[PDB]
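A.B. asks: Got a structure for you, final31.cif, holding mmCIF, C-alpha atoms and all ligand atoms.
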```
data_model
loop_
_atom_site.group_PDB
_atom_site.id
_atom_site.type_symbol
_atom_site.label_atom_id
_atom_site.label_comp_id
_atom_site.auth_asym_id
_atom_site.auth_seq_id
_atom_site.Cartn_x
_atom_site.Cartn_y
_atom_site.Cartn_z
ATOM 1 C CA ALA A 1 273.609 -1.444 -60.489
ATOM 2 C CA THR A 2 272.846 -4.725 -58.714
ATOM 3 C CA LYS A 3 269.706 -6.723 -59.506
ATOM 4 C CA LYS A 4 268.541 -9.620 -57.328
ATOM 5 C CA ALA A 5 266.279 -12.645 -57.713
ATOM 6 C CA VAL A 6 265.370 -15.727 -55.682
ATOM 7 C CA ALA A 7 263.906 -19.186 -56.225
ATOM 8 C CA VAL A 8 262.215 -21.212 -53.539
ATOM 9 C CA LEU A 9 262.590 -24.870 -54.454
ATOM 10 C CA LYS A 10 259.929 -27.418 -53.549
ATOM 11 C CA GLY A 11 258.653 -30.620 -55.066
ATOM 12 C CA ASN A 12 256.964 -33.975 -54.689
ATOM 13 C CA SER A 13 259.817 -35.164 -52.532
ATOM 14 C CA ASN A 14 261.444 -34.199 -49.267
ATOM 15 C CA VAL A 15 263.867 -31.851 -51.013
ATOM 16 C CA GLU A 16 263.585 -28.119 -50.306
ATOM 17 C CA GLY A 17 265.760 -25.071 -50.658
ATOM 18 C CA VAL A 18 266.397 -21.453 -51.466
ATOM 19 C CA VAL A 19 268.559 -20.043 -54.234
ATOM 20 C CA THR A 20 269.523 -16.378 -54.402
ATOM 21 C CA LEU A 21 270.850 -14.744 -57.562
ATOM 22 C CA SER A 22 272.535 -11.403 -58.139
ATOM 23 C CA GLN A 23 274.078 -9.560 -61.050
ATOM 24 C CA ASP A 24 275.769 -6.189 -61.541
ATOM 25 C CA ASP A 25 274.811 -4.644 -64.873
ATOM 26 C CA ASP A 26 275.610 -7.254 -67.522
ATOM 27 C CA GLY A 27 278.259 -9.067 -65.519
ATOM 28 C CA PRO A 28 278.138 -12.714 -64.431
ATOM 29 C CA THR A 29 275.361 -13.962 -62.165
ATOM 30 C CA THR A 30 276.227 -15.084 -58.659
ATOM 31 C CA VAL A 31 274.119 -17.941 -57.349
ATOM 32 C CA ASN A 32 273.909 -18.914 -53.680
ATOM 33 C CA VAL A 33 272.431 -22.387 -53.384
ATOM 34 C CA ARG A 34 271.174 -23.981 -50.188
ATOM 35 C CA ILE A 35 269.161 -27.163 -50.562
ATOM 36 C CA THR A 36 268.294 -29.811 -47.974
ATOM 37 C CA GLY A 37 266.930 -33.363 -47.993
ATOM 38 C CA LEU A 38 269.234 -34.537 -50.782
ATOM 39 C CA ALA A 39 270.873 -37.949 -50.981
ATOM 40 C CA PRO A 40 274.556 -37.340 -50.275
ATOM 41 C CA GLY A 41 276.492 -37.056 -53.533
ATOM 42 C CA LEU A 42 276.255 -35.213 -56.850
ATOM 43 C CA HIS A 43 273.002 -33.704 -58.144
ATOM 44 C CA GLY A 44 272.341 -31.981 -61.457
ATOM 45 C CA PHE A 45 271.314 -28.368 -61.027
ATOM 46 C CA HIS A 46 269.854 -26.507 -64.019
ATOM 47 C CA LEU A 47 267.950 -23.432 -65.073
ATOM 48 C CA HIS A 48 264.969 -24.683 -67.071
ATOM 49 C CA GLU A 49 263.155 -22.731 -69.745
ATOM 50 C CA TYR A 50 259.764 -22.004 -68.189
ATOM 51 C CA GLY A 51 258.598 -20.802 -64.772
ATOM 52 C CA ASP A 52 255.491 -22.970 -65.113
ATOM 53 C CA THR A 53 254.737 -25.405 -62.287
ATOM 54 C CA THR A 54 251.089 -26.095 -63.128
ATOM 55 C CA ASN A 55 251.610 -29.855 -63.273
ATOM 56 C CA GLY A 56 254.738 -30.044 -61.137
ATOM 57 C CA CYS A 57 258.406 -29.615 -62.009
ATOM 58 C CA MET A 58 257.907 -31.165 -65.436
ATOM 59 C CA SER A 59 255.966 -28.061 -66.450
ATOM 60 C CA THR A 60 259.258 -26.116 -66.481
ATOM 61 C CA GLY A 61 260.237 -27.704 -69.777
ATOM 62 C CA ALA A 62 263.785 -28.390 -70.962
ATOM 63 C CA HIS A 63 267.086 -26.805 -70.022
ATOM 64 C CA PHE A 64 267.126 -23.142 -71.005
ATOM 65 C CA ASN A 65 268.819 -23.265 -74.404
ATOM 66 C CA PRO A 66 268.465 -20.095 -76.476
ATOM 67 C CA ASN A 67 271.472 -21.076 -78.632
ATOM 68 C CA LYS A 68 270.113 -24.499 -79.556
ATOM 69 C CA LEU A 69 273.292 -26.243 -78.399
ATOM 70 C CA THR A 70 273.745 -29.662 -76.783
ATOM 71 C CA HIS A 71 274.073 -30.405 -73.075
ATOM 72 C CA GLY A 72 277.446 -29.817 -71.445
ATOM 73 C CA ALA A 73 279.365 -28.638 -68.381
ATOM 74 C CA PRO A 74 279.216 -25.011 -67.176
ATOM 75 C CA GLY A 75 282.859 -24.585 -68.177
ATOM 76 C CA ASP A 76 282.320 -25.860 -71.729
ATOM 77 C CA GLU A 77 281.955 -23.777 -74.840
ATOM 78 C CA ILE A 78 279.228 -26.200 -75.992
ATOM 79 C CA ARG A 79 276.433 -26.182 -73.396
ATOM 80 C CA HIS A 80 272.910 -25.060 -72.652
ATOM 81 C CA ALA A 81 272.519 -21.647 -71.067
ATOM 82 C CA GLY A 82 270.907 -23.467 -68.141
ATOM 83 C CA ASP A 83 273.756 -25.938 -67.611
ATOM 84 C CA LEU A 84 275.034 -25.086 -64.135
ATOM 85 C CA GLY A 85 276.595 -28.507 -63.529
ATOM 86 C CA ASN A 86 276.448 -30.436 -60.264
ATOM 87 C CA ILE A 87 276.000 -29.483 -56.654
ATOM 88 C CA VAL A 88 277.338 -31.712 -53.899
ATOM 89 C CA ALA A 89 275.042 -32.752 -51.035
ATOM 90 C CA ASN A 90 276.979 -33.539 -47.870
ATOM 91 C CA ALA A 91 276.364 -36.352 -45.374
ATOM 92 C CA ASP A 92 273.526 -34.361 -43.812
ATOM 93 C CA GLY A 93 271.852 -34.085 -47.221
ATOM 94 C CA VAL A 94 272.763 -30.407 -47.505
ATOM 95 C CA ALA A 95 274.110 -28.793 -50.661
ATOM 96 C CA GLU A 96 275.407 -25.311 -49.933
ATOM 97 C CA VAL A 97 277.515 -23.657 -52.573
ATOM 98 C CA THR A 98 278.009 -20.396 -54.398
ATOM 99 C CA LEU A 99 278.309 -20.644 -58.182
ATOM 100 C CA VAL A 100 279.083 -17.942 -60.712
ATOM 101 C CA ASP A 101 277.900 -18.187 -64.310
ATOM 102 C CA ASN A 102 277.713 -15.978 -67.375
ATOM 103 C CA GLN A 103 274.731 -17.427 -69.274
ATOM 104 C CA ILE A 104 271.937 -16.799 -66.756
ATOM 105 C CA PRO A 105 271.551 -13.009 -66.593
ATOM 106 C CA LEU A 106 268.726 -11.236 -64.728
ATOM 107 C CA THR A 107 268.247 -8.659 -67.503
ATOM 108 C CA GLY A 108 268.210 -8.462 -71.276
ATOM 109 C CA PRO A 109 267.082 -10.873 -74.016
ATOM 110 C CA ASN A 110 268.284 -13.975 -72.139
ATOM 111 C CA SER A 111 267.025 -12.992 -68.688
ATOM 112 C CA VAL A 112 266.147 -15.939 -66.473
ATOM 113 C CA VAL A 113 263.640 -13.981 -64.390
ATOM 114 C CA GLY A 114 260.391 -15.928 -64.628
ATOM 115 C CA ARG A 115 262.134 -19.150 -65.647
ATOM 116 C CA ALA A 116 262.870 -21.959 -63.175
ATOM 117 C CA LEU A 117 265.644 -23.682 -61.270
ATOM 118 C CA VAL A 118 265.505 -27.459 -60.816
ATOM 119 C CA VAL A 119 267.520 -29.846 -58.679
ATOM 120 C CA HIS A 120 267.743 -33.384 -60.032
ATOM 121 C CA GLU A 121 267.631 -36.933 -58.715
ATOM 122 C CA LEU A 122 270.961 -37.976 -60.227
ATOM 123 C CA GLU A 123 274.446 -36.776 -61.098
ATOM 124 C CA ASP A 124 274.644 -34.660 -64.263
ATOM 125 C CA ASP A 125 277.044 -36.594 -66.543
ATOM 126 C CA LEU A 126 277.903 -33.264 -68.205
ATOM 127 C CA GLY A 127 277.227 -34.727 -71.636
ATOM 128 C CA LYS A 128 280.017 -37.281 -71.255
ATOM 129 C CA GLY A 129 278.261 -40.331 -69.828
ATOM 130 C CA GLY A 130 277.752 -42.012 -73.192
ATOM 131 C CA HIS A 131 274.134 -42.547 -72.195
ATOM 132 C CA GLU A 132 271.124 -42.042 -74.444
ATOM 133 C CA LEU A 133 270.242 -38.842 -72.575
ATOM 134 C CA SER A 134 273.745 -37.470 -71.989
ATOM 135 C CA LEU A 135 273.572 -34.869 -74.739
ATOM 136 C CA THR A 136 270.170 -33.489 -73.752
ATOM 137 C CA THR A 137 269.651 -33.798 -69.965
ATOM 138 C CA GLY A 138 273.015 -35.090 -68.738
ATOM 139 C CA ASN A 139 271.014 -38.177 -67.689
ATOM 140 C CA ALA A 140 270.219 -36.340 -64.424
ATOM 141 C CA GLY A 141 266.952 -38.197 -63.881
ATOM 142 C CA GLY A 142 263.918 -36.892 -62.043
ATOM 143 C CA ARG A 143 263.141 -33.392 -60.825
ATOM 144 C CA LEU A 144 263.181 -33.475 -57.037
ATOM 145 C CA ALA A 145 262.401 -29.801 -56.509
ATOM 146 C CA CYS A 146 261.962 -26.628 -58.511
ATOM 147 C CA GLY A 147 260.994 -23.001 -58.142
ATOM 148 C CA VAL A 148 260.336 -19.936 -60.263
ATOM 149 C CA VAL A 149 263.006 -17.229 -60.441
ATOM 150 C CA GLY A 150 261.387 -14.177 -58.841
ATOM 151 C CA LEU A 151 262.419 -10.582 -58.193
ATOM 152 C CA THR A 152 263.517 -9.686 -54.680
ATOM 153 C CA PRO A 153 264.502 -6.339 -53.158
ATOM 154 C CA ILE A 154 268.069 -5.143 -53.774
ATOM 155 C CA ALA B 1 254.147 -10.310 -80.360
ATOM 156 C CA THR B 2 252.245 -12.564 -77.943
ATOM 157 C CA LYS B 3 253.573 -13.215 -74.456
ATOM 158 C CA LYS B 4 252.230 -15.545 -71.787
ATOM 159 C CA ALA B 5 252.807 -16.155 -68.117
ATOM 160 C CA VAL B 6 251.352 -18.195 -65.279
ATOM 161 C CA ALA B 7 251.194 -18.079 -61.501
ATOM 162 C CA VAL B 8 250.531 -21.179 -59.405
ATOM 163 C CA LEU B 9 249.082 -19.971 -56.113
ATOM 164 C CA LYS B 10 249.840 -21.925 -52.947
ATOM 165 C CA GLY B 11 249.873 -21.128 -49.246
ATOM 166 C CA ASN B 12 249.551 -22.338 -45.667
ATOM 167 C CA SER B 13 246.018 -23.710 -46.038
ATOM 168 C CA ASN B 14 244.056 -25.508 -48.728
ATOM 169 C CA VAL B 15 243.592 -22.371 -50.785
ATOM 170 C CA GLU B 16 245.293 -22.842 -54.133
ATOM 171 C CA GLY B 17 244.876 -21.878 -57.753
ATOM 172 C CA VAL B 18 246.155 -21.238 -61.230
ATOM 173 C CA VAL B 19 246.243 -17.877 -62.971
ATOM 174 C CA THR B 20 247.188 -17.444 -66.622
ATOM 175 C CA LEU B 21 248.210 -14.112 -68.143
ATOM 176 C CA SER B 22 248.597 -13.058 -71.759
ATOM 177 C CA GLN B 23 249.511 -9.861 -73.541
ATOM 178 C CA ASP B 24 249.867 -8.990 -77.215
ATOM 179 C CA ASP B 25 252.566 -6.400 -77.929
ATOM 180 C CA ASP B 26 252.087 -3.655 -75.348
ATOM 181 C CA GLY B 27 248.317 -3.872 -74.983
ATOM 182 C CA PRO B 28 246.191 -4.908 -71.991
ATOM 183 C CA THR B 29 246.851 -8.130 -70.091
ATOM 184 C CA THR B 30 244.144 -10.786 -69.944
ATOM 185 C CA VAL B 31 244.093 -12.691 -66.691
ATOM 186 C CA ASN B 32 242.267 -15.999 -66.221
ATOM 187 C CA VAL B 33 241.792 -16.834 -62.562
ATOM 188 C CA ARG B 34 240.792 -20.096 -60.957
ATOM 189 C CA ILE B 35 241.220 -20.374 -57.194
ATOM 190 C CA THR B 36 239.669 -22.951 -54.881
ATOM 191 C CA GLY B 37 239.260 -23.453 -51.153
ATOM 192 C CA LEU B 38 238.044 -19.902 -50.555
ATOM 193 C CA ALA B 39 235.398 -18.762 -48.087
ATOM 194 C CA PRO B 40 232.327 -17.818 -50.139
ATOM 195 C CA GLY B 41 232.310 -14.101 -50.891
ATOM 196 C CA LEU B 42 234.733 -11.354 -51.883
ATOM 197 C CA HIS B 43 238.518 -11.705 -51.758
ATOM 198 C CA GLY B 44 241.122 -9.093 -52.621
ATOM 199 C CA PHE B 45 243.314 -10.089 -55.542
ATOM 200 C CA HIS B 46 246.535 -8.157 -56.184
ATOM 201 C CA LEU B 47 249.859 -8.304 -57.953
ATOM 202 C CA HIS B 48 252.513 -7.716 -55.282
ATOM 203 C CA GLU B 49 255.934 -6.264 -55.933
ATOM 204 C CA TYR B 50 258.244 -9.211 -55.292
ATOM 205 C CA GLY B 51 258.299 -12.815 -56.496
ATOM 206 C CA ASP B 52 259.872 -13.771 -53.181
ATOM 207 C CA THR B 53 258.240 -16.551 -51.144
ATOM 208 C CA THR B 54 261.130 -17.247 -48.759
ATOM 209 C CA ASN B 55 258.908 -16.089 -45.868
ATOM 210 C CA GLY B 56 255.644 -17.425 -47.255
ATOM 211 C CA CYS B 57 253.465 -14.820 -48.937
ATOM 212 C CA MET B 58 254.652 -11.969 -46.685
ATOM 213 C CA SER B 59 257.942 -11.720 -48.527
ATOM 214 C CA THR B 60 256.130 -10.698 -51.731
ATOM 215 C CA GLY B 61 256.074 -7.214 -50.247
ATOM 216 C CA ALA B 62 253.446 -4.575 -50.930
ATOM 217 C CA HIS B 63 251.239 -4.026 -53.980
ATOM 218 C CA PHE B 64 253.149 -3.388 -57.190
ATOM 219 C CA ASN B 65 253.207 0.409 -57.338
ATOM 220 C CA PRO B 66 255.652 1.856 -59.926
ATOM 221 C CA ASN B 67 253.711 5.149 -60.011
ATOM 222 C CA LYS B 68 253.699 5.571 -56.233
ATOM 223 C CA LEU B 69 249.962 6.202 -55.963
ATOM 224 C CA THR B 70 247.566 5.159 -53.208
ATOM 225 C CA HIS B 71 245.433 2.014 -53.224
ATOM 226 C CA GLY B 72 242.280 1.918 -55.336
ATOM 227 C CA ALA B 73 239.917 -0.121 -57.511
ATOM 228 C CA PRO B 74 241.044 -1.344 -60.945
ATOM 229 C CA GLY B 75 238.786 1.204 -62.650
ATOM 230 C CA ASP B 76 240.160 4.125 -60.630
ATOM 231 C CA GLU B 77 242.647 6.726 -61.793
ATOM 232 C CA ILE B 78 244.378 6.651 -58.391
ATOM 233 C CA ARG B 79 245.424 3.044 -57.842
ATOM 234 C CA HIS B 80 248.429 0.753 -57.595
ATOM 235 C CA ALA B 81 249.452 -1.048 -60.774
ATOM 236 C CA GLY B 82 248.797 -4.272 -58.854
ATOM 237 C CA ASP B 83 245.268 -3.298 -57.828
ATOM 238 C CA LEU B 84 243.083 -5.913 -59.542
ATOM 239 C CA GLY B 85 240.161 -5.569 -57.134
ATOM 240 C CA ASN B 86 238.062 -8.423 -55.782
ATOM 241 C CA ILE B 87 237.254 -11.869 -57.036
ATOM 242 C CA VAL B 88 234.132 -13.717 -55.951
ATOM 243 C CA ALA B 89 234.187 -17.230 -54.498
ATOM 244 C CA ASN B 90 231.008 -19.254 -54.946
ATOM 245 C CA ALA B 91 229.358 -21.466 -52.313
ATOM 246 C CA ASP B 92 231.761 -24.292 -53.206
ATOM 247 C CA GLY B 93 234.702 -21.993 -52.474
ATOM 248 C CA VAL B 94 235.636 -21.560 -56.126
ATOM 249 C CA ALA B 95 236.510 -18.206 -57.686
ATOM 250 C CA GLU B 96 236.737 -18.398 -61.463
ATOM 251 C CA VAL B 97 236.867 -15.273 -63.603
ATOM 252 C CA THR B 98 238.700 -13.438 -66.380
ATOM 253 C CA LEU B 99 239.914 -9.863 -65.884
ATOM 254 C CA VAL B 100 241.619 -7.508 -68.322
ATOM 255 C CA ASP B 101 243.939 -4.816 -67.004
ATOM 256 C CA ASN B 102 246.312 -2.254 -68.480
ATOM 257 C CA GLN B 103 248.842 -1.818 -65.657
ATOM 258 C CA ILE B 104 250.262 -5.339 -65.462
ATOM 259 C CA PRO B 105 252.249 -5.885 -68.690
ATOM 260 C CA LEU B 106 254.488 -8.895 -69.339
ATOM 261 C CA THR B 107 257.218 -6.790 -70.967
ATOM 262 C CA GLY B 108 258.839 -3.395 -70.497
ATOM 263 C CA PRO B 109 259.982 -1.399 -67.447
ATOM 264 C CA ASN B 110 256.752 -2.211 -65.568
ATOM 265 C CA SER B 111 256.681 -5.922 -66.448
ATOM 266 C CA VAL B 112 255.201 -8.182 -63.783
ATOM 267 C CA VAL B 113 257.106 -11.292 -64.796
ATOM 268 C CA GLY B 114 258.911 -12.470 -61.680
ATOM 269 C CA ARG B 115 256.549 -10.607 -59.387
ATOM 270 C CA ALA B 116 253.722 -12.311 -57.446
ATOM 271 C CA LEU B 117 249.955 -12.693 -57.440
ATOM 272 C CA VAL B 118 248.293 -12.901 -54.023
ATOM 273 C CA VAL B 119 244.746 -13.783 -52.997
ATOM 274 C CA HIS B 120 243.555 -12.331 -49.698
ATOM 275 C CA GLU B 121 241.521 -13.406 -46.699
ATOM 276 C CA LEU B 122 239.130 -10.430 -46.778
ATOM 277 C CA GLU B 123 237.321 -8.160 -49.208
ATOM 278 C CA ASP B 124 239.400 -5.340 -50.716
ATOM 279 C CA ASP B 125 237.690 -2.084 -49.664
ATOM 280 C CA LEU B 126 239.136 -0.407 -52.760
ATOM 281 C CA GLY B 127 240.553 2.471 -50.690
ATOM 282 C CA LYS B 128 237.030 3.612 -49.745
ATOM 283 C CA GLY B 129 236.502 1.731 -46.496
ATOM 284 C CA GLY B 130 237.525 4.659 -44.322
ATOM 285 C CA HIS B 131 239.967 2.309 -42.618
ATOM 286 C CA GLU B 132 243.544 2.916 -41.436
ATOM 287 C CA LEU B 133 244.774 0.479 -44.095
ATOM 288 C CA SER B 134 242.321 1.397 -46.874
ATOM 289 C CA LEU B 135 244.757 3.496 -48.889
ATOM 290 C CA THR B 136 247.609 0.978 -48.775
ATOM 291 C CA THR B 137 246.170 -2.551 -48.771
ATOM 292 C CA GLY B 138 242.424 -2.024 -49.041
ATOM 293 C CA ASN B 139 242.249 -3.676 -45.619
ATOM 294 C CA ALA B 140 242.139 -7.072 -47.371
ATOM 295 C CA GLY B 141 243.654 -8.971 -44.453
ATOM 296 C CA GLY B 142 245.937 -11.992 -44.636
ATOM 297 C CA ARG B 143 247.566 -13.608 -47.661
ATOM 298 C CA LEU B 144 245.879 -16.956 -48.234
ATOM 299 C CA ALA B 145 247.953 -18.036 -51.216
ATOM 300 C CA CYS B 146 250.503 -16.616 -53.624
ATOM 301 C CA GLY B 147 252.662 -17.542 -56.586
ATOM 302 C CA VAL B 148 255.420 -16.114 -58.728
ATOM 303 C CA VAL B 149 254.574 -14.935 -62.227
ATOM 304 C CA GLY B 150 256.606 -17.165 -64.531
ATOM 305 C CA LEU B 151 256.989 -17.549 -68.284
ATOM 306 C CA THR B 152 255.005 -20.292 -70.002
ATOM 307 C CA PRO B 153 255.031 -21.434 -73.643
ATOM 308 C CA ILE B 154 253.177 -19.226 -76.103
HETATM 309 CU CU CU C 1 267.554 -29.879 -65.242
HETATM 310 CU CU CU C 2 247.471 -8.014 -51.942
HETATM 311 ZN ZN ZN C 3 271.510 -28.959 -70.372
HETATM 312 ZN ZN ZN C 4 246.909 -1.630 -53.790
#
```
Take the structure in this file and express it as structure tokens.
Ligand SMILES: [Cu+2]
Ligand SMILES: [Cu+2]
Ligand SMILES: [Zn+2]
Ligand SMILES: [Zn+2]
C.D. replies:
Amino acid sequence: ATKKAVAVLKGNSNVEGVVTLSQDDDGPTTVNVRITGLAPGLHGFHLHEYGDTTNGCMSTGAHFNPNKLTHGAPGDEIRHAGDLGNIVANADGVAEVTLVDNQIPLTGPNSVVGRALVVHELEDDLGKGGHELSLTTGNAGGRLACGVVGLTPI
Amino acid sequence: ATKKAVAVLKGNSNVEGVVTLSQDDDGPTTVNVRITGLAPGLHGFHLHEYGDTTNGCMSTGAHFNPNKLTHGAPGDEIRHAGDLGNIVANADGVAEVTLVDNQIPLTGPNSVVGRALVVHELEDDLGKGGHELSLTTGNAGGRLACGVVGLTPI
């Protein structure tokens, strides 16, 4: 029983991309990321709470965090539901990677359909940077591009 | 049990807009529309099945139609769930209006969160135009702008 979703990422920058998501029943969610125009290196990549882009990517609110935990790495016990970690942009400015995660389902109470994905200006310090913002945003800086998670045919 | 959503409509031209949606429990959905850049006159306004904008507005698929009926006016018995009728653009190209509809909930099996709102080039003939496309699309022509229905703070 596969369900599928997609986010088209755009912003007030030259960064663009498409992210596809799929899930069987209540299993983990598979996320295929392809984003262009990125500065080579690490970029924070998160599922934010709201699929609201009225005033740009800041309208999407904070990292999706139904458990009221602090910011961490995807592999950590302590993390936000939306904490997908970093993606790596290559020398052509392309990040292309498939991630699998268990806190961003497409069905049920914590469904991320209608929320938003956001790619960030800076590396996500995973809560370990010892910076003022480490424990909330990973100090990932600005929101280069974002898109609402929408349903797509199976 | 209040729920709210929003769609930010964008497309290939200067037509753009913001549509807010709200629903208490499982009652009707109130829809506040503001769209600019329109040719003065009538424009079809529909909720399409998919929140997929990978191929511009065409990838949003057909009108949301969980009951598999033919295309109609919002007040008709025989209509698509997504059939919200026409909106009227004034001489300045602005269409601002509030609609209430009972087939576009924000929760449940027929929820429209993660689907898409689309504003059309032409008038929706409401299935009565005696046209080849009347009973599917209302012969409403091209898709000027569209946006995914995303969650927004209550
Ligand atoms: Cu983020
Ligand atoms: Cu339509
Ligand atoms: Zn976080
Ligand atoms: Zn229709």
A.B. asks: Find the residues of chain A in contact range of chain B, meaning any atom within 9 Å when counting all atoms listed in the file, and list them as a CSV table (one decimal) with C-alpha atoms, keeping the file's coordinate frame.
C.D. replies:
```
chain,number,residue,atom,x,y,z
A,5,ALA,CA,266.3,-12.6,-57.7
A,6,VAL,CA,265.4,-15.7,-55.7
A,7,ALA,CA,263.9,-19.2,-56.2
A,8,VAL,CA,262.2,-21.2,-53.5
A,18,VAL,CA,266.4,-21.5,-51.5
A,49,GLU,CA,263.2,-22.7,-69.7
A,50,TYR,CA,259.8,-22.0,-68.2
A,51,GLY,CA,258.6,-20.8,-64.8
A,52,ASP,CA,255.5,-23.0,-65.1
A,53,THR,CA,254.7,-25.4,-62.3
A,54,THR,CA,251.1,-26.1,-63.1
A,59,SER,CA,256.0,-28.1,-66.4
A,60,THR,CA,259.3,-26.1,-66.5
A,113,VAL,CA,263.6,-14.0,-64.4
A,114,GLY,CA,260.4,-15.9,-64.6
A,115,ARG,CA,262.1,-19.2,-65.6
A,116,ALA,CA,262.9,-22.0,-63.2
A,147,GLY,CA,261.0,-23.0,-58.1
A,148,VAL,CA,260.3,-19.9,-60.3
A,149,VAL,CA,263.0,-17.2,-60.4
A,150,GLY,CA,261.4,-14.2,-58.8
A,151,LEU,CA,262.4,-10.6,-58.2
A,152,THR,CA,263.5,-9.7,-54.7
A,153,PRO,CA,264.5,-6.3,-53.2
```
A.B. asks: Would you give the centre and edge lengths, in Å to one decimal, of a box along x, y and z around the listed atoms of range 7-22 of chain A, with 5 Å added to each side, as lines of an AutoDock Vina configuration file?
C.D. replies:
```
center_x = 264.7
center_y = -23.3
center_z = -53.7
size_x = 25.6
size_y = 33.8
size_z = 18.9
```
A.B. asks: Compute the set of protein, DNA and RNA residues whose minimum atom distance to ligand ZN 4 (chain C) is at most 9 Å, using only C-alpha atoms and all ligand atoms, and state it as number ranges by chain.
C.D. replies: B: 46-48, 62-65, 69-73, 79-85, 124, 126-127, 134-138
A.B. asks: For a quick check of understanding, using all atoms listed in the file, which of A:103, A:90, A:2, A:23 has the smallest distance to residue 78 in chain A?
C.D. replies: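 With all atoms listed in the file as the atom set, the closest residue is A:103.
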A.B. asks: Go through A:68, A:121, A:111, A:16 one by one, measure the shortest atom-to-atom distance of each to ligand ZN 3 (chain C) using only C-alpha atoms and all ligand atoms, and give the residue with the smallest value.
C.D. replies: A:68
A.B. asks: Between CA of residue 1 in chain B and CA of residue 25 in chain B, what is the distance in Å, rounded to a tenth?
C.D. replies: 4.9 Å
A.B. asks: Go ahead and compute the interatomic distance for CA of residue 104 in chain A and CA of residue 22 in chain B, in Å to one decimal.
C.D. replies: 24.2 Å
A.B. asks: Quick check, in Å to one decimal: how far apart do CA of residue 98 in chain A and CA of residue 31 in chain A lie?
C.D. replies: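 Pair CA of residue 98 in chain A / CA of residue 31 in chain A returns 5.5 Å.
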A.B. asks: Skipping near chain neighbours, those fewer than 6 positions away, what residues fall within 7 Å of residue 44 in chain A using all atoms listed in the file, listed as a ChimeraX atom specification?
C.D. replies: /A:85-87,119-120,122-124,140
